[PDB]
2 protein chains.
Amino acid sequence: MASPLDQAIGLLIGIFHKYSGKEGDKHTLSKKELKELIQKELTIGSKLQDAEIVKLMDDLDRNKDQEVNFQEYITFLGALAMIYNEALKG
Amino acid sequence: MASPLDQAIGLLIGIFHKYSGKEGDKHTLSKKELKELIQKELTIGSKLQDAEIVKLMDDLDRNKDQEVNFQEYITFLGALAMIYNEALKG
């Protein structure tokens, strides 16, 4: 078993595929579909930051030109975790 | 909402840093220490799979042979998730 981790990877996977659903995007997310993911999940409120969101979205989709592949999404969430370095350290 | 994702990434991050903490507060984690992570966290009853675990350990550490690095751990968990295709299908 690996229940504690399974639920967590499960979360990322669920969030992703819930979004892929939006346009049946297999195991991929299209660049603006990703923005929709972020806007929905990461409820910024301060939409002024959308500039940062589009830079981030570019960084996500760049890995496969116009879409984020599942593993690139995971990888990038890793990068995001690293950016949230406080989370890493404690 | 953010919190569902935040806790999930939090899970992976915590799991990592709990173990890297053993060597120090590093975003890097040694190969046998990774195995020690897996054995506790990914509590495989079927320990006969040990061979598979050390191949997996090799695949994790292979990023620089000596140790797993945080980003590569996340990316690899991405691969693991992809292998768990069932989860991605539903």
# chains A, B, ... in the order shown; residues from 1 in each chain; ligands from 1
$ residues_around --residues "region 17-21 of chain B" --least-positions-apart "2" --cutoff "8 Å" --atoms "only C-alpha atoms" --output "VMD selection string"
(chain A and resid 88 to 89) or (chain B and resid 13 to 15 23 to 30 33 to 34 37)
$ interface_residues --of "chain B" --to "chain A" --cutoff "6 Å" --atoms "only C-alpha atoms" --output "list in words"
residues 1, 2, 8, 13, 42, 43, 44, 71, 74, 75 and 78 of chain B
$ write_last_selection --atoms "C-alpha atoms" --output "PDB file, in the first residue's frame"
ATOM      1  CA  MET B   1      -9.906  26.131  -3.867  1.00  0.00           C
ATOM      2  CA  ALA B   2      -6.128  26.013  -3.254  1.00  0.00           C
ATOM      3  CA  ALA B   8      -1.386  17.202  -1.626  1.00  0.00           C
ATOM      4  CA  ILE B  13       7.100  17.728   0.010  1.00  0.00           C
ATOM      5  CA  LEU B  42       4.864   3.265   0.470  1.00  0.00           C
ATOM      6  CA  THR B  43       4.255   0.322   2.839  1.00  0.00           C
ATOM      7  CA  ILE B  44       4.466  -2.518   0.253  1.00  0.00           C
ATOM      8  CA  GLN B  71      12.588  18.187  -8.617  1.00  0.00           C
ATOM      9  CA  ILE B  74       8.533  15.015  -8.189  1.00  0.00           C
ATOM     10  CA  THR B  75       9.094  14.309 -11.938  1.00  0.00           C
ATOM     11  CA  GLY B  78       4.923  11.964 -12.246  1.00  0.00           C
TER      12      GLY B  78
END
$ calpha_fit_and_write --fixed "chain B" --moving "chain A" --output "tab-separated table (two decimals) with N, CA, C and O atoms, in the first residue's frame"
chain	number	residue	atom	x	y	z
A	1	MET	N	-5.84	31.64	-3.40
A	1	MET	CA	-5.67	30.37	-2.67
A	1	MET	C	-5.56	29.20	-3.64
A	1	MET	O	-5.80	29.35	-4.84
A	2	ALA	N	-5.20	28.02	-3.12
A	2	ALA	CA	-5.15	26.78	-3.89
A	2	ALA	C	-5.21	25.57	-2.95
A	2	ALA	O	-4.63	24.53	-3.24
A	3	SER	N	-5.89	25.72	-1.81
A	3	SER	CA	-5.87	24.79	-0.69
A	3	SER	C	-5.89	23.31	-1.09
A	3	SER	O	-5.02	22.57	-0.63
A	4	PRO	N	-6.84	22.85	-1.94
A	4	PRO	CA	-6.94	21.46	-2.33
A	4	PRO	C	-5.64	20.93	-2.95
A	4	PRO	O	-5.24	19.80	-2.68
A	5	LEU	N	-4.99	21.74	-3.80
A	5	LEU	CA	-3.74	21.33	-4.41
A	5	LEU	C	-2.60	21.51	-3.41
A	5	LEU	O	-1.76	20.63	-3.27
A	6	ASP	N	-2.59	22.65	-2.71
A	6	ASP	CA	-1.56	22.99	-1.73
A	6	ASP	C	-1.36	21.83	-0.76
A	6	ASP	O	-0.22	21.43	-0.53
A	7	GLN	N	-2.44	21.29	-0.19
A	7	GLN	CA	-2.30	20.16	0.73
A	7	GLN	C	-1.63	18.96	0.04
A	7	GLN	O	-0.80	18.28	0.65
A	8	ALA	N	-1.98	18.69	-1.22
A	8	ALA	CA	-1.44	17.55	-1.94
A	8	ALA	C	0.05	17.73	-2.23
A	8	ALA	O	0.85	16.88	-1.87
A	9	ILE	N	0.44	18.84	-2.87
A	9	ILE	CA	1.86	19.10	-3.09
A	9	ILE	C	2.58	19.12	-1.73
A	9	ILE	O	3.63	18.50	-1.56
A	10	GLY	N	1.96	19.77	-0.74
A	10	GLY	CA	2.36	19.77	0.66
A	10	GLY	C	2.66	18.36	1.16
A	10	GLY	O	3.67	18.15	1.82
A	11	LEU	N	1.81	17.38	0.84
A	11	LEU	CA	2.01	15.99	1.23
A	11	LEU	C	3.34	15.47	0.68
A	11	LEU	O	4.21	15.08	1.46
A	12	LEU	N	3.52	15.47	-0.64
A	12	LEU	CA	4.75	15.03	-1.29
A	12	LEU	C	5.96	15.74	-0.67
A	12	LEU	O	6.96	15.09	-0.35
A	13	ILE	N	5.86	17.06	-0.50
A	13	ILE	CA	6.92	17.88	0.07
A	13	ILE	C	7.24	17.42	1.49
A	13	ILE	O	8.40	17.24	1.83
A	14	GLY	N	6.20	17.23	2.31
A	14	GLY	CA	6.30	16.81	3.69
A	14	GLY	C	6.98	15.45	3.77
A	14	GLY	O	7.99	15.31	4.46
A	15	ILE	N	6.46	14.46	3.05
A	15	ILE	CA	7.05	13.13	2.97
A	15	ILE	C	8.53	13.26	2.62
A	15	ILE	O	9.39	12.69	3.29
A	16	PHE	N	8.84	14.04	1.58
A	16	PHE	CA	10.21	14.22	1.15
A	16	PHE	C	11.08	14.77	2.28
A	16	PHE	O	12.06	14.16	2.66
A	17	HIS	N	10.72	15.94	2.81
A	17	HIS	CA	11.58	16.65	3.75
A	17	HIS	C	11.66	15.93	5.09
A	17	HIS	O	12.71	15.95	5.73
A	18	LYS	N	10.58	15.25	5.49
A	18	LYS	CA	10.59	14.34	6.62
A	18	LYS	C	11.76	13.37	6.43
A	18	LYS	O	12.58	13.19	7.33
A	19	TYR	N	11.84	12.77	5.24
A	19	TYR	CA	12.93	11.88	4.91
A	19	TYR	C	14.26	12.60	4.85
A	19	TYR	O	15.18	12.15	5.52
A	20	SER	N	14.41	13.71	4.11
A	20	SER	CA	15.66	14.46	4.07
A	20	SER	C	16.22	14.67	5.48
A	20	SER	O	17.41	14.46	5.71
A	21	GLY	N	15.34	15.02	6.43
A	21	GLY	CA	15.61	15.06	7.86
A	21	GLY	C	16.58	13.99	8.35
A	21	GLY	O	17.55	14.31	9.03
A	22	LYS	N	16.31	12.74	7.98
A	22	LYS	CA	17.06	11.54	8.32
A	22	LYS	C	18.58	11.78	8.30
A	22	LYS	O	19.28	11.25	9.16
A	23	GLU	N	19.08	12.55	7.33
A	23	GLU	CA	20.48	12.96	7.28
A	23	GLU	C	20.59	14.41	6.80
A	23	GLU	O	21.49	14.75	6.04
A	24	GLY	N	19.66	15.26	7.27
A	24	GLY	CA	19.57	16.68	6.92
A	24	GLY	C	19.84	16.97	5.44
A	24	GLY	O	20.53	17.94	5.12
A	25	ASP	N	19.29	16.17	4.54
A	25	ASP	CA	19.64	16.17	3.12
A	25	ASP	C	18.94	17.30	2.34
A	25	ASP	O	18.40	17.07	1.27
A	26	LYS	N	18.98	18.53	2.87
A	26	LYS	CA	18.50	19.76	2.23
A	26	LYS	C	17.20	19.58	1.44
A	26	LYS	O	16.14	19.43	2.04
A	27	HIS	N	17.26	19.61	0.10
A	27	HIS	CA	16.13	19.42	-0.80
A	27	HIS	C	16.45	18.27	-1.77
A	27	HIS	O	16.13	18.31	-2.97
A	28	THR	N	17.08	17.24	-1.21
A	28	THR	CA	17.62	16.09	-1.89
A	28	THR	C	17.31	14.86	-1.03
A	28	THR	O	16.99	14.98	0.16
A	29	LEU	N	17.34	13.66	-1.62
A	29	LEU	CA	17.26	12.40	-0.90
A	29	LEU	C	18.35	11.48	-1.42
A	29	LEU	O	18.45	11.30	-2.63
A	30	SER	N	19.13	10.84	-0.56
A	30	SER	CA	20.17	9.93	-1.01
A	30	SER	C	19.54	8.59	-1.41
A	30	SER	O	18.46	8.24	-0.93
A	31	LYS	N	20.18	7.84	-2.30
A	31	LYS	CA	19.58	6.68	-2.94
A	31	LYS	C	18.97	5.66	-1.96
A	31	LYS	O	17.85	5.18	-2.16
A	32	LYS	N	19.68	5.33	-0.88
A	32	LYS	CA	19.15	4.38	0.10
A	32	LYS	C	18.15	5.04	1.07
A	32	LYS	O	17.22	4.40	1.55
A	33	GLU	N	18.33	6.34	1.34
A	33	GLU	CA	17.38	7.13	2.12
A	33	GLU	C	16.02	7.11	1.42
A	33	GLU	O	14.98	6.90	2.05
A	34	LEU	N	16.03	7.25	0.09
A	34	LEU	CA	14.85	7.05	-0.74
A	34	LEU	C	14.27	5.65	-0.50
A	34	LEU	O	13.07	5.53	-0.26
A	35	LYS	N	15.08	4.58	-0.56
A	35	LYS	CA	14.53	3.27	-0.23
A	35	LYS	C	13.82	3.32	1.13
A	35	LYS	O	12.70	2.83	1.24
A	36	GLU	N	14.45	3.89	2.15
A	36	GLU	CA	13.83	3.99	3.47
A	36	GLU	C	12.48	4.72	3.38
A	36	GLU	O	11.49	4.25	3.93
A	37	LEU	N	12.42	5.84	2.64
A	37	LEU	CA	11.16	6.53	2.34
A	37	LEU	C	10.13	5.54	1.82
A	37	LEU	O	9.03	5.44	2.37
A	38	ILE	N	10.47	4.82	0.76
A	38	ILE	CA	9.52	3.92	0.13
A	38	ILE	C	9.09	2.83	1.10
A	38	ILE	O	7.90	2.63	1.28
A	39	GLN	N	10.04	2.15	1.75
A	39	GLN	CA	9.72	1.11	2.71
A	39	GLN	C	8.76	1.63	3.79
A	39	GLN	O	7.83	0.93	4.17
A	40	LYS	N	8.98	2.85	4.28
A	40	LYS	CA	8.13	3.42	5.31
A	40	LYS	C	6.75	3.79	4.78
A	40	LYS	O	5.74	3.42	5.37
A	41	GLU	N	6.70	4.59	3.71
A	41	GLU	CA	5.44	5.08	3.18
A	41	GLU	C	4.73	3.93	2.47
A	41	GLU	O	3.66	3.48	2.87
A	42	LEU	N	5.34	3.41	1.41
A	42	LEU	CA	4.79	2.32	0.62
A	42	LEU	C	5.12	1.02	1.36
A	42	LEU	O	6.04	0.30	0.97
A	43	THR	N	4.37	0.73	2.42
A	43	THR	CA	4.53	-0.47	3.22
A	43	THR	C	4.22	-1.73	2.39
A	43	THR	O	3.13	-2.28	2.51
A	44	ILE	N	5.17	-2.16	1.56
A	44	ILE	CA	4.99	-3.27	0.62
A	44	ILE	C	4.52	-4.54	1.33
A	44	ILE	O	3.67	-5.27	0.82
A	45	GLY	N	5.13	-4.84	2.48
A	45	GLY	CA	4.92	-6.10	3.19
A	45	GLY	C	5.65	-7.23	2.46
A	45	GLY	O	6.58	-7.82	3.01
A	46	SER	N	5.27	-7.50	1.22
A	46	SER	CA	5.91	-8.47	0.34
A	46	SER	C	7.29	-7.99	-0.09
A	46	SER	O	7.51	-7.68	-1.26
A	47	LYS	N	8.25	-7.95	0.84
A	47	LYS	CA	9.59	-7.42	0.60
A	47	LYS	C	10.34	-8.15	-0.53
A	47	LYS	O	11.35	-7.65	-1.00
A	48	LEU	N	9.83	-9.30	-1.00
A	48	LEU	CA	10.31	-9.95	-2.21
A	48	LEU	C	10.42	-8.95	-3.37
A	48	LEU	O	11.35	-9.01	-4.17
A	49	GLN	N	9.48	-7.99	-3.43
A	49	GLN	CA	9.48	-6.98	-4.48
A	49	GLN	C	10.64	-5.98	-4.36
A	49	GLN	O	10.78	-5.12	-5.23
A	50	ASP	N	11.48	-6.07	-3.32
A	50	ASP	CA	12.59	-5.13	-3.12
A	50	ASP	C	13.47	-5.01	-4.37
A	50	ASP	O	13.99	-3.93	-4.63
A	51	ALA	N	13.61	-6.08	-5.16
A	51	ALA	CA	14.27	-6.03	-6.46
A	51	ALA	C	13.69	-4.90	-7.34
A	51	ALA	O	14.42	-4.08	-7.88
A	52	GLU	N	12.36	-4.86	-7.45
A	52	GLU	CA	11.68	-3.81	-8.19
A	52	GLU	C	11.96	-2.47	-7.52
A	52	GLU	O	12.26	-1.48	-8.20
A	53	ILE	N	11.88	-2.43	-6.19
A	53	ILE	CA	12.17	-1.21	-5.44
A	53	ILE	C	13.57	-0.69	-5.77
A	53	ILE	O	13.72	0.51	-5.98
A	54	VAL	N	14.60	-1.54	-5.85
A	54	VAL	CA	15.94	-1.05	-6.19
A	54	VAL	C	16.04	-0.58	-7.64
A	54	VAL	O	16.70	0.41	-7.90
A	55	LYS	N	15.37	-1.25	-8.59
A	55	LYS	CA	15.32	-0.73	-9.96
A	55	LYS	C	14.69	0.67	-9.95
A	55	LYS	O	15.26	1.63	-10.48
A	56	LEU	N	13.52	0.79	-9.33
A	56	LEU	CA	12.82	2.06	-9.16
A	56	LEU	C	13.73	3.11	-8.49
A	56	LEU	O	13.81	4.25	-8.94
A	57	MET	N	14.44	2.72	-7.43
A	57	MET	CA	15.34	3.59	-6.69
A	57	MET	C	16.46	4.06	-7.60
A	57	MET	O	16.78	5.25	-7.62
A	58	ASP	N	17.04	3.15	-8.39
A	58	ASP	CA	18.02	3.51	-9.40
A	58	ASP	C	17.41	4.57	-10.32
A	58	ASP	O	17.99	5.64	-10.49
A	59	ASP	N	16.23	4.30	-10.87
A	59	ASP	CA	15.57	5.24	-11.78
A	59	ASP	C	15.35	6.61	-11.13
A	59	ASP	O	15.50	7.63	-11.79
A	60	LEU	N	14.99	6.64	-9.84
A	60	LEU	CA	14.88	7.87	-9.07
A	60	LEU	C	16.23	8.57	-8.95
A	60	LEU	O	16.35	9.75	-9.29
A	61	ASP	N	17.26	7.90	-8.42
A	61	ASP	CA	18.53	8.55	-8.10
A	61	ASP	C	19.36	8.88	-9.34
A	61	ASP	O	20.15	9.82	-9.31
A	62	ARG	N	19.18	8.12	-10.43
A	62	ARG	CA	19.99	8.26	-11.64
A	62	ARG	C	20.00	9.72	-12.11
A	62	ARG	O	21.05	10.24	-12.49
A	63	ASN	N	18.84	10.37	-12.03
A	63	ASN	CA	18.64	11.76	-12.42
A	63	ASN	C	19.66	12.70	-11.79
A	63	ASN	O	19.96	13.74	-12.38
A	64	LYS	N	20.21	12.36	-10.62
A	64	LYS	CA	21.36	13.04	-10.06
A	64	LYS	C	22.29	12.02	-9.40
A	64	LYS	O	22.58	12.08	-8.20
A	65	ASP	N	22.77	11.09	-10.23
A	65	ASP	CA	23.86	10.14	-10.01
A	65	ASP	C	23.73	9.17	-8.82
A	65	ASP	O	23.85	7.96	-9.01
A	66	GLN	N	23.58	9.68	-7.60
A	66	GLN	CA	23.52	8.91	-6.36
A	66	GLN	C	22.43	9.44	-5.43
A	66	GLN	O	22.24	8.90	-4.33
A	67	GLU	N	21.71	10.50	-5.83
A	67	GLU	CA	20.67	11.09	-5.01
A	67	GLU	C	19.53	11.58	-5.90
A	67	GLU	O	19.73	11.87	-7.07
A	68	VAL	N	18.33	11.63	-5.33
A	68	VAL	CA	17.12	12.15	-5.95
A	68	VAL	C	16.98	13.60	-5.51
A	68	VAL	O	16.79	13.87	-4.32
A	69	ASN	N	17.01	14.55	-6.44
A	69	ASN	CA	16.68	15.93	-6.11
A	69	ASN	C	15.16	16.07	-6.05
A	69	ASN	O	14.45	15.39	-6.79
A	70	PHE	N	14.67	16.96	-5.18
A	70	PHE	CA	13.25	17.23	-5.02
A	70	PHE	C	12.46	17.25	-6.34
A	70	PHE	O	11.48	16.52	-6.48
A	71	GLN	N	12.87	18.05	-7.33
A	71	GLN	CA	12.09	18.13	-8.56
A	71	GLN	C	12.11	16.80	-9.32
A	71	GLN	O	11.12	16.44	-9.97
A	72	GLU	N	13.21	16.05	-9.24
A	72	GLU	CA	13.32	14.75	-9.88
A	72	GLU	C	12.42	13.75	-9.17
A	72	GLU	O	11.75	12.95	-9.82
A	73	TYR	N	12.36	13.81	-7.84
A	73	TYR	CA	11.39	13.05	-7.05
A	73	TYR	C	9.97	13.35	-7.53
A	73	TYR	O	9.24	12.42	-7.87
A	74	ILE	N	9.57	14.63	-7.58
A	74	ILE	CA	8.24	15.00	-8.06
A	74	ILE	C	8.01	14.44	-9.47
A	74	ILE	O	7.03	13.72	-9.71
A	75	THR	N	8.91	14.74	-10.41
A	75	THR	CA	8.85	14.25	-11.78
A	75	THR	C	8.63	12.74	-11.81
A	75	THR	O	7.71	12.25	-12.47
A	76	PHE	N	9.46	12.00	-11.07
A	76	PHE	CA	9.37	10.55	-11.02
A	76	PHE	C	8.03	10.11	-10.43
A	76	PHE	O	7.43	9.18	-10.94
A	77	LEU	N	7.54	10.76	-9.37
A	77	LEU	CA	6.19	10.46	-8.88
A	77	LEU	C	5.17	10.68	-10.00
A	77	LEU	O	4.22	9.91	-10.12
A	78	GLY	N	5.38	11.67	-10.86
A	78	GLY	CA	4.61	11.81	-12.09
A	78	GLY	C	4.72	10.57	-12.97
A	78	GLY	O	3.71	10.00	-13.38
A	79	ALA	N	5.94	10.11	-13.25
A	79	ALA	CA	6.15	8.87	-14.00
A	79	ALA	C	5.41	7.70	-13.34
A	79	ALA	O	4.77	6.90	-14.01
A	80	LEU	N	5.48	7.60	-12.01
A	80	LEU	CA	4.83	6.57	-11.23
A	80	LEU	C	3.31	6.66	-11.42
A	80	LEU	O	2.65	5.65	-11.65
A	81	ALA	N	2.77	7.87	-11.37
A	81	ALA	CA	1.37	8.13	-11.65
A	81	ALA	C	1.01	7.66	-13.07
A	81	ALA	O	-0.02	7.00	-13.25
A	82	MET	N	1.85	7.96	-14.06
A	82	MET	CA	1.65	7.48	-15.42
A	82	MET	C	1.67	5.95	-15.48
A	82	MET	O	0.83	5.35	-16.16
A	83	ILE	N	2.60	5.31	-14.77
A	83	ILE	CA	2.67	3.86	-14.67
A	83	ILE	C	1.36	3.34	-14.07
A	83	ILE	O	0.77	2.39	-14.60
A	84	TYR	N	0.85	3.99	-13.02
A	84	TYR	CA	-0.49	3.74	-12.49
A	84	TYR	C	-1.55	4.33	-13.43
A	84	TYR	O	-2.40	5.10	-13.01
A	85	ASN	N	-1.52	3.96	-14.72
A	85	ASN	CA	-2.32	4.60	-15.75
A	85	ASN	C	-3.81	4.58	-15.43
A	85	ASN	O	-4.53	5.53	-15.76
A	86	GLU	N	-4.28	3.53	-14.76
A	86	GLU	CA	-5.65	3.44	-14.26
A	86	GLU	C	-6.03	4.68	-13.44
A	86	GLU	O	-7.14	5.18	-13.58
A	87	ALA	N	-5.12	5.20	-12.61
A	87	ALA	CA	-5.34	6.42	-11.84
A	87	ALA	C	-5.55	7.60	-12.77
A	87	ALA	O	-6.40	8.46	-12.51
A	88	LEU	N	-4.79	7.67	-13.87
A	88	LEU	CA	-4.93	8.75	-14.83
A	88	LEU	C	-6.30	8.67	-15.50
A	88	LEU	O	-7.03	9.65	-15.53
A	89	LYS	N	-6.64	7.50	-16.05
A	89	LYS	CA	-7.89	7.35	-16.78
A	89	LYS	C	-9.11	7.44	-15.86
A	89	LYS	O	-10.14	7.99	-16.26
A	90	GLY	N	-9.02	6.91	-14.64
A	90	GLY	CA	-10.08	6.97	-13.66
A	90	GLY	C	-9.76	6.06	-12.47
A	90	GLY	O	-9.13	6.57	-11.52
$ select_by_dssp --residues "chain B" --states "strand (DSSP E or B)" --output "PyMOL selection string"
chain B and resi 28-30+67-69
$ select_by_dssp --residues "chain A" --states "alpha helix (DSSP H)" --output "MDAnalysis selection string"
chainID A and resid 3:21 31:41 50:62 70:83 85:89
